[PDB]
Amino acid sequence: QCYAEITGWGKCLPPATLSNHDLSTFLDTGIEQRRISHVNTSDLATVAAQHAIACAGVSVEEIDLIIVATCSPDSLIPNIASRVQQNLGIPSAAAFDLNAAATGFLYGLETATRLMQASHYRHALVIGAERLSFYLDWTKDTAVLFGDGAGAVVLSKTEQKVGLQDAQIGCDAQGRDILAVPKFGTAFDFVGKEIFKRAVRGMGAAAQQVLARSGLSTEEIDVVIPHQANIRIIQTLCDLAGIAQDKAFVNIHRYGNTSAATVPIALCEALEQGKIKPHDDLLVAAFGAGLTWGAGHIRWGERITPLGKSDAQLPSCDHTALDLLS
């Protein structure tokens, strides 16, 4: 029996910051700020990956698998996992984009972990990355909700019982029409109340299943890394699960909802701020357009500090965030 330990983590938040005050200028949550990228999604992903690689101390030749969870890719042909691969010079790895909306990163984590357990993948890079700013209708509720950013992890095969344990991922397809941008693709819809109910239900039931199969009580959960879409969803999810609200890591106020990137960014910050201790039990939970949903139980291993650090950074930004949206 093999496991996929999370041995590296990293993030990339673009520098141009957009305050609510900045928003008041042109405009008539929990969120105070978001970032707005002056580069493509593949660039955000690349830098976050560089941080996780250095954090893990792995050589780029050791990576067998790159998954980019996104719903805002630079291009469809080719995918952007292959762009990240080209940028980092990783040779020969499997490389794909996965689209499960905000639950993408959890889907990716589940997928890479099972690939590693059943076959010959020794290290993996799983990245959540978005440039939601590309989508926004500056007239329309939606505009204040979303930001740009990337988060990444590196997974390394091991015999120790760590990394993702059980996961339960799914999709409530009867809710598909309540959250959509239907004419971008080869072809907004936003019903807040229904999104709310189905999200808490989907994430809730998924979390419960994971906990029950792991034999854990809510009390043995040390940290909750939820999708950062809405503070009230997070509070409600915990309240209904009976999980103390202090265990939930929240950074939505800083970055807004960055779809697939929220969980890996939160996870990276939680580690940097020492919120996660060696051998802690984490509960991850997320949902997204689809309506996709998921939860996972991660057992952390020995190390919560980077082996090294990267000098990787985005090209210098000559623009303000107000400037980027003009």
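Note that residue numbering begins at 1 and tracks the sequence as displayed.
- Counting the deposited residues that fall between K140 and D141 and carry no coordinates gives a value of 1 to 3.
- Coordinates are lacking for 10 or more deposited residues between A187 and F188.
- Per-stretch averaging of Cα B factors for 29-37 and 264-272 places 29-37 on top.
- When 6-14 is weighed against 19-27, 19-27 comes out higher, by mean CA B-factor as recorded in the entry.
- Which of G163, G170, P226, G192 has the largest Cα B-factor in the deposited entry comes down to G192.
- When the Cα B-factors of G175, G202, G149, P73 are read from the PDB record, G175 comes out highest.
- For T113, the recorded CA B-factor ranks within the lowest third of the chain. Only modelled residues enter the ranking.
- In the deposited entry, the Cα temperature factor of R131 sits in the middle third of values across the chain's modelled residues.
- In the PDB entry, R83 places in the middle third of its chain by CA B-factor.
- Among the modelled residues of its chain, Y121 has a C-alpha B-factor that falls in the lowest third according to the deposited record.
- When the CA B factors of the chain's modelled residues are split into thirds, the value for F196 lands in the highest one.
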